[PDB]
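>>> sequence plus experimental coordinates follow:
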Amino acid sequence: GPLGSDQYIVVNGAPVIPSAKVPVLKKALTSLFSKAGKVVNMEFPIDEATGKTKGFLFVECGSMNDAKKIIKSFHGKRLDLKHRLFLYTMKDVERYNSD
């Protein structure tokens with residue numbers, strides 16, 4: 001994305017659902033994460049064959065500090081009784097792709 005590398009987060013462990021349901025999940029996760037920091041955009045990779053989410057997503061935050069606060073608040077926490085989320089800064093993954 002076009003913002004600073006350390007403003008992006010990868011979230012793992014989210015629901016695997018028909019992607020018809022992404023807008024609902026997106027607003028739910030955006031609403032939750034917004035309690036800790038500013039979310040600018042959120043994107044869910046989809047398995048083309050099944051049309052399902054893959055269970056991870058990439059989040060663009062309003063600043064490095066917003067990303068850090070989101071990771072701190074949500075990393076390792078249960079989303080519900082079936083899912084637990086794991087959040088990391090995306091910078092090294094971005095650079096592994098581009099270095």
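Alright, I've got the coordinates. Residues are numbered from 1 along each chain as shown.

>>> and the contacts of the longest helix anywhere in the chain?
Longest helix of the chain, by residue count under DSSP state H: helix 22-34. Outside helix 22-34, the residues that touch it by CB atoms under 8 Å, 6 or more residues apart in numbering are 11, 14-15, 17, 39, 42, 44, 46, 53, 57, 59, 70, 73-74. C-beta here means a position set from N, CA and C on the backbone, and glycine is covered the same way.

>>> repeat that with 7 Å
Helix 22-34 is contacted from outside by 15, 17, 39, 42, 44, 53, 59, 70, 74, using CB atoms under 7 Å, 6 or more residues apart in numbering.

>>> with stretch 76-85 instead?
The contact list for stretch 76-85, computed with CB under 7 Å, 6+ apart, reads 11-15, 74, 86.

>>> among the residues you listed, which pair sits farthest apart?
Based on CB to CB, the longest span within those runs between 15 and 74 and measures 14.7 Å.

>>> which of the two has more residues huddled nearby?
Shown here are residue 15 and residue 74; by other CB atoms under 10 Å, residue 74 has more neighbours (20 against 16).

>>> chain center to stretch 38-45, what's the gap?
6 Å (CA atoms, centre = their mean, to the nearest Å).

>>> so which bits of that stretch are buried?
Burial within stretch 38-45, assessed by neighbour count using 16 or more other CB atoms under 10 Å, is assigned to 38-39, 42, 44.

>>> tally of neighbours for residue 99?
6.

>>> ok, it - contacts?
Residue 99 makes contact with no residue, according to CB under 7 Å, 6+ apart.

>>> what separation do you get for it and residue 6?
From residue 99 over to residue 6 the distance is 16 Å, taken as CB to CB, to the nearest Å.

>>> what do you get for residue 88?
Noted for residue 88: a distance of 11 Å to residue 6, by CB to CB.

>>> and for residue 68?
Relative to residue 6, and taking CB to CB, residue 68 is found at 8 Å.
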